[PDB]
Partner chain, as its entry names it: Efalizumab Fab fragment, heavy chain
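The chain below stands alone and is given in structure tokens; this is the form deposited without the partner chain.
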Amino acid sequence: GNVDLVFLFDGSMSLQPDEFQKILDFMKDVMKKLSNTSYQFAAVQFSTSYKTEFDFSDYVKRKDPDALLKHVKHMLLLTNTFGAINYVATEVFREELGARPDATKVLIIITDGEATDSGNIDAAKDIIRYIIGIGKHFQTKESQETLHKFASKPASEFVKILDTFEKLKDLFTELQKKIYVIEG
């Protein structure tokens, strides 16, 4: 069937210009590889607040990944992960914004630090959630574990820990090995 995938990327002040850019290039490569398929995308940047850089309707009309993420401004603030997810589940996955009712909802969270807010993400339970933690802020095992509550289970499947942003390329190569033409 169809798949509606949302990219929820970290825009905190911790992120260096080049690192932020590498997070955007990664998203584009994923989109480019899965173009002309039954996939539709939307990207949301989060820091203290949130902003939908482009929604499903925008993707359908434009398609070009580079153009959809050309006017992104690095927020350089905090990391309110909880509120961001909630925002995605109640303000992004909507028919008014090109979301398809039949589509399988997917969310790919990309962050470089522990959340600075608290709460719960119950509003997104019905969403398949992946999370990538990057950088030295996830040096200890305890810091990495804090991301488990945002991703689906098991953690070994929905939680990826990258020690450097350069490893995003390794992730993209590992991700492609899972691409298949399946009809039945």
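Positions refer to the first chain, counted from 1.
What comes next is about the form deposited with the partner chain bound, which is not displayed.
Which pick from 99, 72, 110, 89 sits with a heavy atom within 4.5 Å of the partner chain in the deposited complex? Residue within 4.5 Å of the partner: 72.
Contact with the partner chain in the deposited complex for residue 76, defined as at least one heavy atom pair within 4.5 Å: yes or no? Yes.
Examine residue 28 and determine whether its closest non-hydrogen atom to the partner chain in the deposited complex is within 4.5 angstroms. Close contact exists here: in the deposited complex, residue 28 approaches the partner chain to within 4.5 Å, heavy atoms only.
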